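Positions of Cβ are generated from backbone atoms using ideal geometry, with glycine treated the same way; all protein chains shown enter the neighbour counts. What follows draws every value from the coordinates through simple rules; no lab data is involved.
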Amino acid sequence: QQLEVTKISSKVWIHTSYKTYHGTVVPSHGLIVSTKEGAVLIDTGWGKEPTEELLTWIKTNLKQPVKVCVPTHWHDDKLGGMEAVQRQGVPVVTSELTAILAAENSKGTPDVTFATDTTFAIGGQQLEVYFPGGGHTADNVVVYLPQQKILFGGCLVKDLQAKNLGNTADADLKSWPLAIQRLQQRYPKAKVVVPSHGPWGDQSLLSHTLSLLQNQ
Amino acid sequence: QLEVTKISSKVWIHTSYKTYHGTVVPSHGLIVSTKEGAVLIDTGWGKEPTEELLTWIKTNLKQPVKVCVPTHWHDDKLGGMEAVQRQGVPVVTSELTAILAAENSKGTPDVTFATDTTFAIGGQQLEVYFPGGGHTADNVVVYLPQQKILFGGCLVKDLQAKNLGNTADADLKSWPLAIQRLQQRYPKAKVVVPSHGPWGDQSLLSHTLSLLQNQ
Ligand code: NA
Ligand code: NA
Ligand SMILES: [Zn+2]
Ligand SMILES: [Zn+2]
Ligand SMILES: [Zn+2]
Ligand SMILES: [Zn+2]
Ligand SMILES: [Zn+2]
Ligand SMILES: [Zn+2]
Ligand SMILES: [Zn+2]
Ligand SMILES: [Zn+2]
Ligand SMILES: [Zn+2]
Ligand SMILES: [Zn+2]
Ligand SMILES: [Zn+2]
Ligand SMILES: [Zn+2]
Ligand SMILES: [Zn+2]
Ligand SMILES: [Zn+2]
Ligand SMILES: [Zn+2]
Ligand SMILES: [Zn+2]
């Protein structure tokens, strides 16, 4: 039903892509971060058409170029707009294994890969990318803004109104619980936790995901 | 067309909708669940949204509403008082909100308070505080000190608000001072919930100030 963007901090937005699946509409959340030197994209739209809207939005309202885009794993909902991003000269950057799994599933090829947990800064804004272990996918990573204390958990974290874990096909049900606990131990002062497919909240989203993982 | 979303393990935001001046406007309140019942911050935006709200609480929280607390006298935060009261729920407000309610054909609250109050129900602590006139002369906020969640109602604007919105009953000269009182009473608030837009961090307070140096 399109693409929606909402502001949560003075320099942080959440972009939301929609797709109707069977019964009901499913959102997909990413982040936009504005810096003094360009915008950072955490996740593409849920495919090409949401991603073209997202780019058009960034150009109209932030009136700055996207310096980089960082998918959080290989699935279409977090990376299916990569081709759209790369066609505008924006570098897409992923973990090494996200690049591997994309190649094995005929997704595009990132422009750069990283094999290490990385902290970097653009335009006064610092970002951390971190691998807590397999959960939703073997390669899912999170992104932390330590200044705004905002943790983006992608499909690794579920929202407080999710009643189960959804699809478990590529899922790593055995590792997911320890990945959550890694997040709880590494970001003890996170203020906002952003899931992919529901509303965001406080650090209750980690304990709720842990709870879903002890009741299956 | 009521909607309820959870933001913390014991905190929901209830949202009614209306079109106002060609745009869709949400109105958010809180539901707080406690070991001894539910606390309601704001009613629905009128009778039908509030009975939806009441039914929601009974179906999913399956506990009675112990008290309801409107944050000022306008319909979006108080227009469902009768429906709450027909179910025996106590409505309690500041003394000045009761005066303005009587002055504008809203109902009569069951209890009024003239003091900033900290109280607890079922393990849950709540703070009600009057920072001064802003959106209306009587607006108060609600703070959950354990979750560090501040409900600012219509005193705070969301980060995509381009102006102050409804200013009819507003007190534009005091409003800046109330925002600064909030900034200094809740320096470590994690979430700030406005009435008529998405919630965020304490950026929402500095943003509301900005709308107030540039009107
Ligand atoms: Na990997
Ligand atoms: Na939310
Ligand atoms: Zn830059
Ligand atoms: Zn720029
Ligand atoms: Zn996925
Ligand atoms: Zn292309
Ligand atoms: Zn990079
Ligand atoms: Zn990386
Ligand atoms: Zn940061
Ligand atoms: Zn997903
Ligand atoms: Zn989710
Ligand atoms: Zn497995
Ligand atoms: Zn009002
Ligand atoms: Zn009114
Ligand atoms: Zn009071
Ligand atoms: Zn007034
Ligand atoms: Zn209002
Ligand atoms: Zn939030």
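Given (1) closer than 18 Å to A:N140 by Cα; (2) away from ligand 6 (no atom under 15 Å from the Cβ); (3) under 16 Å from the mean Cα position of the chain (by Cα), identify the lone condition not met by A:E96.
(3)
If you go through the range A:204-215 one residue at a time, do you hit one that is β-branched (V, I, T), within 16 Å of ligand 11 (Cβ to nearest atom) and assigned to a helix (DSSP H, G or I)?
Taking every residue of the range A:204-215 in turn, at least one turns out to be β-branched (V, I, T), within 16 Å of ligand 11 (Cβ to nearest atom) and assigned to a helix (DSSP H, G or I).
Can you go through B:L164, B:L172 and tell me which one is surrounded by fewer than 16 Cβ atoms within 10 Å (Cβ to Cβ), in a loop (DSSP other than H, G, I, E, B) and among the hydrophobic types (A, V, I, L, M, F, W, C)?
B:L172
So A:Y130 passes all but one of these: (1) buried (at least 23 other Cβ atoms within 10 Å of the Cβ); (2) in contact with a strand residue (DSSP E or B) (Cβ under 7 Å, 6 or more places away or on another chain); (3) among the hydroxyl-bearing types (S, T, Y). Which condition number does it fail?
All conditions are met except number (1).
Kindly check whether there is at least one residue in the range A:115-132 that is more than 16 Å from ligand 5 (Cβ to nearest atom) and over 25 Å from A:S34 (Cβ atoms).
yes
Assess whether A:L54 counts as being crowded, with 21+ Cβ neighbours inside 10 Å, assigned to a helix (DSSP H, G or I) and either away from ligand 10 (no atom under 13 Å from the Cβ) or away from chain B (no Cβ under 14 Å) (or both).
So A:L54 passes the test.
Could you please give the count of residues in the range A:2-26 that are within 14 Å of chain B (Cβ to nearest Cβ) and part of a loop (DSSP other than H, G, I, E, B)?
The total comes to 3.
Which residues, counting only those in the range A:8-23, are more than 16 Å from A:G198 (Cα to Cα) and of a type in the set (V, I, T)?
Matches in the range A:8-23: A:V12 only.
Looking at A:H29, is it within 14 Å of chain B (Cβ to nearest Cβ) and either over 23 Å from A:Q126 (Cα atoms) or away from ligand 8 (no atom under 16 Å from the Cβ) (or both)?
Spelling it out, A:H29 is indeed within 14 Å of chain B (Cβ to nearest Cβ) and either over 23 Å from A:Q126 (Cα atoms) or away from ligand 8 (no atom under 16 Å from the Cβ) (or both).
Given (1) of a type in the set (V, I, T); (2) touching a strand residue (DSSP E or B) at 6+ places or on another chain (Cβ under 8 Å); (3) surrounded by fewer than 21 Cβ atoms within 10 Å (Cβ to Cβ), identify the lone condition not met by B:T108.
Here B:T108 meets the rest and fails (2).
Which members of the range B:13-38 meet the condition of being touching a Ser or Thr at 6+ places or on another chain (Cβ under 8 Å) and more than 12 Å from B:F151 (Cβ to Cβ)?
Matches in the range B:13-38: B:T15, B:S16, B:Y17, B:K18, B:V25, B:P26, B:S27.
Exactly one of these conditions fails for A:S34: (1) surrounded by fewer than 22 Cβ atoms within 10 Å (Cβ to Cβ); (2) within 16 Å of ligand 6 (Cβ to nearest atom); (3) part of a strand (DSSP E or B). Give me its number.
Failing condition for A:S34: (2).
So A:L41 fits all but one of (1) among the hydrophobic types (A, V, I, L, M, F, W, C); (2) within 12 Å of another protein chain (Cβ to nearest Cβ); (3) crowded, with 22+ Cβ neighbours inside 10 Å; what number is the exception?
(2)
Out of the range A:159-214, which residues are more than 11 Å from every other protein chain (Cβ to nearest Cβ) and within 16 Å of the chain's Cα centre (by Cα)?
If the condition is that a residue be more than 11 Å from every other protein chain (Cβ to nearest Cβ) and within 16 Å of the chain's Cα centre (by Cα), then A:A179, A:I180, A:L183, A:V194, A:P195, A:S196, A:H197 are the ones that fit.
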